[PDB]
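Student: The structure that follows is given in the form of structure tokens.
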Amino acid sequence: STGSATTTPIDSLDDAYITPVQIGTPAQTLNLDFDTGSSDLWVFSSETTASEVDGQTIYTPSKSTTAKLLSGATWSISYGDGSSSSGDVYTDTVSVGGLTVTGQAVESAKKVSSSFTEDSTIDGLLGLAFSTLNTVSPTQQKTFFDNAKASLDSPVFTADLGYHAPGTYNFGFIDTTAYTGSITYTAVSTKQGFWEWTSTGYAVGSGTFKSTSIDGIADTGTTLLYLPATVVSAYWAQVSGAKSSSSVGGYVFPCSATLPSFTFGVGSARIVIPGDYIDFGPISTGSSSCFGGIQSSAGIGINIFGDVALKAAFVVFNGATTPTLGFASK
């Protein structure tokens, strides 16, 4: 089997992407944030504290003839941005882009943090990291991909995120029309439960490539590119007037600037992030100070190849017995 679904930016800055997902019988369609940096599929629901729901579409398990309470199971998750959610668990039928999994754990939110409430466009998350990170207790549950894997034509999914435009998540096949040149594959460590890999270096604009190993995660659920402070300083030094602002919470730059590109290495291959992808717009409405798309990972504890990086590539998440990651230009 295979599946193919379009993913759409939530706003004009590509702060996140949503993908429609069918849950239950009859289908209830929710728009979920596909997140290769976590491993829980959770949704706003009829059980979510009413004051914490503001415009989201909810899953109502009592209206699904295939929903079953997973008795005694609870979940609770905290994300890198400080947001969180928790609740109980149902199993139900879940379909993405024509690919169906029966008996998928659907984690129903009883509580969500303010950041979730305030984002009306995101109805929940669909985690695509390794199932070892799944938070369901006392019986850990598998991701949608893990459940689908054996049925797929090939044990892979791909992320093809758009810049200020829709893109695609495919399951079970590689669309050879979706990228240019060849796909370069690179080793993955699953030790921390992430799609963790090592970039071979970077360049700033038309500058020379610096060969240096950068360990990080491919994370579709993180907006920006978070890299070591040395790398980030080298980037922003090429932008007149750019500076790190503790009050704003990262590097800002004059909105009048033209940003240089940023290149990262994948083995001997190179992925070029155009300068415009690094512009996250005014820090507040009407400001001439703009927020940067490349930020320091210092004090995160890990480097994160988030959407800023991934949307410059066609990315293969290869879930074979020994997982790997592939990157192509597009």
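All residue numbers given for chain A refer to Swiss-Prot; the residues shown span 90-419 in order.
Placement of Cβ uses the backbone N, Cα and C atoms for every residue, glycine included.
OK, Swiss-Prot features for this one:
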- 106-417: domain 'Peptidase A1' (DOMAIN)
- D124: active site (ACT_SITE)
- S288: active site (ACT_SITE)
- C344-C379: disulfide bond (DISULFID)
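I would like each feature placed in context: is it buried or exposed, what are its neighbours, and how far apart are things?
Tutor: Of all Cβ atoms in the protein chains displayed, 21 besides its own lie within 10 Å of the Cβ of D124 (active site).
Long-range Cβ contacts of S288 (active site) within its own chain (separation 6+, distance under 8 Å): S302, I303, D304, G305, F353, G354, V355, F394.
Within 10 Å of the C-beta of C379 (disulfide bond) there are 21 other C-beta atoms, taking all protein chains into account.
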Student: For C344 (disulfide bond) and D124 (active site), what Cα-Cα distance in Å is obtained after rounding to a whole number?
Tutor: 30
